[PDB]
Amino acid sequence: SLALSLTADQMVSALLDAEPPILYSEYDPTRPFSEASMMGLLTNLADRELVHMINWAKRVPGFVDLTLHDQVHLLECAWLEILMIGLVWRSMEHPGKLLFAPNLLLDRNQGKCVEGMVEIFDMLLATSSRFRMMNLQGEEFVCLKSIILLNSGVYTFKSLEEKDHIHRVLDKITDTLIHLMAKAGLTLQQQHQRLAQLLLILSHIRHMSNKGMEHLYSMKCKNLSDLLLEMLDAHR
């Protein structure tokens, strides 16, 4: 209820203050890496990020007003989307490179170390170049990331009055995005165009998550942390 009674600026400051930290990798550059090592670095990193993401989700306005079964469901469908949009956001100031960690900056040739990883790398890179071209703002980013959390699992669900509450919160995040674009000087036509451009990117983020979900499911059945396999079996 308090999430609905939030002004747009209080919505932004709540999302900004809830941002998770940028974690570091175990990456030791004494080694050029094998496939298992580079995969171990990304797997260990994503496992520690999931713990922060879970506690980040509890501070998303309206997420706490949901039942525990619904919270588990939204996170199970959206966890990789949230990891990826964060990676893409961290990589905005590093063209042609993915900043997995401050000490783990990788280009596409290093992504070829893992079989099939290069295709997902280019998609992640193209998304980061898109955020760069649009000059995506951190206020817009935290809105998009919370939209993913509330949207990606809403149609994979009597009583269903909770889905109506989620849509009310989603409408509030939409109001917040327009409020930000109106403050930056954009005209009404420019606000609606930018709003559409940002939300169409979520379609590609869903695409990368689906492809990445198959890539991880292959690595499991080809020789990951327990929390990650538990998330990976949610797509099965």
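Residue indices: 1-based, along the sequence shown.
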item	value
No coordinates for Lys145 in a third or more of the other PDB entries	no
Entries skipping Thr127: at least a third of other ones	no
Unmodelled stretch of the deposited sequence separating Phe157 from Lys158, binned as none, 1 to 3, 4 to 9 or 10 or more	4 to 9
Continuity check for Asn223 and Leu224, given as deposited residues lacking coordinates between them	1 to 3
Mean C-alpha temperature factor, higher of 123-131 and 106-114	106-114
Given 213-221 and 11-19, the range whose Cα B-factors average higher in the PDB entry	213-221
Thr67, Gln193, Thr174, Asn44, ranked by C-alpha B-factor: the highest one	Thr67
Residue of maximum C-alpha B factor among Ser203, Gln197, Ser34, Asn55, per deposited coordinates	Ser34
Chain third (lowest, middle, highest) by recorded CA B-factor, residue given as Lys97	middle
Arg48 CA temperature factor, ranked by third within the chain	lowest
Chain thirds of CA B-factor: placement of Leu170	middle
Chain-wide C-alpha B factor ranking for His207, given as lowest, middle or highest third	lowest
Modelled-residue ranking by C-alpha temperature factor, third containing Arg90	lowest
